[PDB]
Every structure is written in structure tokens, then in C-alpha cells.
Ligand SMILES: CCc1ccccc1-c1ccc(CNCCc2nc3cccc(C)c3[nH]2)cc1Cl
Ligand SMILES: CCc1ccccc1-c1ccc(CNCCc2nc3cccc(C)c3[nH]2)cc1Cl
């Protein structure tokens, strides 16, 4: 069978905590009355949910309301427990209330309001500094949640809300997040296709916080290279082929051999043979103003097949790419 | 109604600053992970907090962890905003971190560590110069926080930490501190009984930074006269009577008339009639080595009913009592 693996950081943080912290199945959720909130408008379609801007009628303050499609109660309890655990952490969306509408009884989560800037227009205005600044803000959220024994497992631009005017960033949608327990075998059907780490694609279940660092590397590459998404798979098997066209097939075999991973036969006719590309090959006139030796070195240290070799969020924060940020 | 009043110094310092500075209710607090700190032992206890000795495991440095009993979230936000605004100011306790334990989720504040010398231990070995030196250190903290538009509102010896060996002083516990806005009516249920200014006791809500100068006067009187506390009230109403036994009832009526203050009927049977006492009376063989004409003149200029008449922290720093520091 496969060789076991464990996180290089925060390995035993849940092991040394009482069961109340990580046993979400035994958590008692107190559902308040949603009558204190009036829905204003739809903001997005969540992930088995719908996100709204709303007004808290008791104080005239705007809030965000996430209405959950009750597909699995265990998953709702998980997201609530994680949100309660991380409540108030740096750059984490703040859970303010848990409510149900009296007639519908639909589970709803109430959050701190975020005034989302439309980035599809300011994507061209972004500077090298802005990318370094916001990448550091995401790293503060990840080092915090990882320290709290939680893996986000769905890091992607859609789950990062930015209020550019106030330079405020929040990591949202903790619906796929899980508690990290060393040696635990997790479901690989997590994250979004373009952001899935190689561990998920080769069905290596004993992954950790490092999965979020791969996803972060995908985001960085798409931003500095203005190539969205960076690895454009058309299905989960093709996704590994898109990564192999950049990282090469030699290092992929080294990875699968290191962990004694059995490669699915579906890869047989599609994987091929690919050279390891230089990161400099992706620089062009439209993106050269966001690229630097520091940025390419940092990206190279995140986008590694081997989940154990990737920088942790704390190591990433010490990289020279961030020497110019506060 | 009562006659309005405003501070003689730093009146408009908050008016000329954006709302982000003084609007603590809109401040976003980032609660870090307390796992970076290991609690060693309990140091001190407060009315709504507990102070523990701790170690920061990431750098092996001792810190102080103040664990807050979450009675009111608005008050926690206020103390944090004020500590962030004054962070690094002279003789102000330094907020190092804001954390919560993963399982308890109890708000905790992380401060610099102070090797506190006991208040009763140094008491007998204190010189006239030591009192002048440390009073000047408190004044640096007050003139600074007042300049930053903040009233401490709980000045007392328990909130002053001193490392005598290193001649280091810190003004602590900003849990009752508030932002000064000219014309604002504040809650009078602040400070500790013995240190409450007359304005609080007569329910005059439009007070300012001068409240801290009354409290400082109470501290200096207890030190130079070796009489702890100086105004020993047994309740908030009796506290005004104890001040009246020293300052006299004539000047108390002049004060309440000047500001058109309605005196609570609870004062009717207890206030009585009292002469204005001379400060020289409180001098005795056990305290004469810490008393001087300069000290009495300075004290007389702090312990005044009229909050507008008391010396400001800046004026106090220019007093002849400090010419030797
Ligand atoms: C300069 C930041 C950056 C650096 C590097 C790579 C990507 C990005 C980046 C680029 C754009 C965004 C903004 N994404 C918004 C996501 C989002 N809007 C919503 C509106 C309504 C509802 C939801 C769920 C929403 N969800 C976030 C990020 Cl983190
Ligand atoms: C009469 C006050 C006075 C007038 C003039 C000059 C100095 C002082 C003075 C001011 C402060 C102290 C020392 N107070 C210690 C306070 C204190 N320790 C703590 C230890 C643990 C926890 C807490 C909250 C603590 N809180 C002693 C003195 Cl002598």
C-alpha cells in the first residue's frame, strides 16, 4: 500500500486538544431567529449554497447571509464548528450568527459584511506590490487556520473576498474545510479542478495543510502570468496532465515512487512524456511587470509535486518575495 | 440642566482625526492563536480580568497574559483600540498580541513583562526624590495619553507597575479608558472609590482628562503623608463627604452652583458643614521627610473640586516640585 505521510508543521495540534474542539459530529448548534435580518440582494451561488447581502434590523448594519441547501447535516455541523473555532482569526470570514427562518427552517449562516471589489476590471490595474500584499494577507489566514488544525481544502480566487478600497481580504467558504489528524485518510474529491493538488489527482488520501499551499501556488501563477487558470484541465485526469506539461513527468514518477502510489490506469494513454519547463518560459510583455526572480523562486517552492517539499504558510511568509510588505 | 464644560488642553484632538481612530465599535479585532504562549502562574486578579505570567514559545520571552471575563464586547473593543493607539507611548503598557485559546475562545491580551516591585515593600525605603521621579514618569504617560485624546479614568497605585531596580514605570489597565470628545456626557461609574473625582460623585457627566489629575493628586497625598487611602470613603456618597472634610463644604457648593449640578437627596443627612483644612496639618514625624512647601503647593493645585481649575499634566510637569528630576 502507499507510504504514510504527516504534516511538517502543526502535526499534533488536534491530538493534544480535547474532543470538544474537533468532534464536530457531537457539536450542538444553537439556531437563532432569522427575523432580525432582512435579505437585500443575491451576491453569489456559494457551493450548495446562496450568499446574500442583508441588513440586521436591530442595529441597521449590513451583514452577509449564507443560505445552505441541506444536502448533509454532518457537513453543516463541520462548517459551523470550524467557523466557531476560527471566529475572529486574521483574514478569516467572521461568523456573527447562526439562524433559521421560522417557516422554511433552512440553515443559514450570518457573517461580518465584506464590500467586494469587482476585480475583473482592476485585474489590469494591479501592481507587483498589490500581489505581494494580498498574497501575504492570504498567508496570514492560512498559517492561522493551519495552526488551529484546519485545512481549508478549497483555496481559489472565488473563495477570497477583497475590499480593495480598504485593502481588506477575507478567506471564505469553509464548507470543505476539515480537521487535520495525522495518519487520517481523507476524501480526495475536494477543492476545485484547477486548484487540486497532485495528491488529490493521484488518489493519495493521507494529505495535509500543504494541499492549501499548492492551491495558493496556482493562484499566484495565474496572477503573475495573467493566465487564468494556470493549469487548465478539462477533467480530473487531464488536470494532472496539465500540471505534468509544466512540472515534467520525471518529477511526477519520483513523487509516486516516494509514496508508493499506484497510478490509475486512466493515466496510461494521456500522461505522455514531458520535460520540466523553466518558469521564465511563461513571462510575456503583458505580464513582465508582475514577474521578478523573487516571485519565480517563491512560485517554484509552492508548485512542487511532493506535498512535503512545499513551503509551509510560515516558511512562505519569510520568503524574500515579501521583504517589501508590512 | 447642568452648565456645559470642556478640557483646557487637547480639546479637539479627536475632532481633527478620522473616525477610524476613536470609533472603537467599528474596529476589527484580529484574535491570534494563544498556542504560541504557555501560561506559567497567576500574578494578579482584577474585577473582570486575571493576569498570568507566561512564556512566548516562539522566542523564549516572558510576557503577561491578561485573560478577560467577556461581560461586554464593546468594552473589550474599546480597551484594544485604545491600547493599539497608545502602543509604544512613554510609560504605557505595551500590547504585544491579541489571542484566544482554541478550545475556550476566551479573549486574552498579551503584554510586555514587568518585574514589579511590591507597593508595600518599597514604601518604607522611599525618598522625597523617588516620589518626584515616579510622579514625573506617571505625568509623561498622562500628558501622552491626554494628547492622544484618551482619559485613563482609573488612575490608582494598583494600575501603576514599577520595576524599582531598573527605575521603570508603566500605566496599566486601560479597561475603563475612554476617548475625549468636547461636550460628550460620560458614565460616572468609573475609577475606584478612593480616587473618584468630585465630578463623578455629584453625577456631572461632562468631565475630561482633568479626572485623571484628581486621581493623581489622591495618589501623591497618600504617598507624601503616608496615609493610605487619603480620602477613605465607605461608599460613593460617603466618598464626597470625606473629600468635604478636607476641602470644606463652602467650595463644594461653589462648584455645584458654577455647573448648576443637582445634588442627590442621599447627600441630605450625611454632608454636614465642614471647614477648609490646611495641607500642613497632615504633616507628622513619620512623613515630614517626604513633605516640602513645593509638594504641598503642587498637591493643592491638583486636589480642587473644580475640574477646570486643576493643573493639566503638561502644567504639572512644569511645577517647581519637579525642578530636581
Ligand atoms: C490580487 C489578489 C490575488 C493575487 C494572486 C492571485 C489571485 C488574487 C485574487 C484575485 C481576485 C480576487 C477576488 N475574488 C472575489 C471572489 C468572490 N467574489 C464574490 C462575490 C459574491 C459572492 C462570492 C462568493 C464571491 N467570491 C481574489 C484574489 Cl485572492
Ligand atoms: C501611592 C501611590 C504612589 C505615589 C507616588 C509614587 C508612586 C506611587 C506608587 C504607585 C504604584 C505602586 C505599585 N503598584 C503595583 C500595582 C500592580 N502590581 C501588580 C502585579 C500583578 C498584577 C497587577 C494587576 C498588578 N498591579 C506603588 C507606589 Cl508607592
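Note that chain A is numbered according to Swiss-Prot, with residues 3-328 shown in order.
Heads up, header says this was done by X-ray crystallography, 1.6 Å.
Heads up, the Cβ atoms here are built off N, Cα and C, so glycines get one too.
According to Swiss-Prot, the features are:
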type	residues	note
REGION	A:36-41	region 'Interaction with beta subunit'
DOMAIN	A:39-324	domain 'Protein kinase'
BINDING	A:45, A:46, A:47, A:48, A:49, A:50, A:51, A:52, A:53, A:68	ATP binding site
ACT_SITE	A:156	active site, proton acceptor
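Local packing around the Cβ, expressed as the count of other Cβ atoms within 10 angstroms, is greatest for A:49 among the binding-site residues A:47, A:49. On the backbone, the CA of residue A:49 (ATP binding site) and the CA of the residue listed as 'active site, proton acceptor' stand 11 Å apart. One way to see the shell of the ATP site is to take the Cβ centroid of A:45, A:46, A:47, A:48, A:49, A:50, A:51, A:52, A:53, A:68; the remaining same-chain residues with a Cβ within 8 Å of it are A:69, A:175. In this structure, the recorded positions that sit close to ligand 1, with a C-beta under 6 angstroms from any of its atoms, are A:45, A:53, chosen from A:45, A:47, A:49, A:51, A:53, A:156. Spanning the residues A:45, A:46, A:47, A:48, A:49, A:50, A:51, A:52, A:53, A:68 that the record associates with binding ATP, the maximal Cα-Cα distance equals 14 Å. Following the DSSP three-state reduction, the secondary structure of residue A:45 (ATP binding site) is strand.
If you take the Cα of residue A:51 (ATP binding site) and the Cα of the residue listed as 'active site, proton acceptor', they are about 15 angstrom apart, rounded to a whole number. A Cα-Cα distance of 17 Å separates residue A:53 (ATP binding site) from residue A:156 (active site, proton acceptor). DSSP gives residue A:156 (active site, proton acceptor) a coil state; it is part of no helix or strand. Reported as a whole number, the C-alpha separation between residue A:45 (ATP binding site) and residue A:156 (active site, proton acceptor) equals 19 Å. Its own atom aside, the Cβ of the residue listed as 'active site, proton acceptor' has 22 Cβ atoms within 10 angstroms in the protein chains shown.
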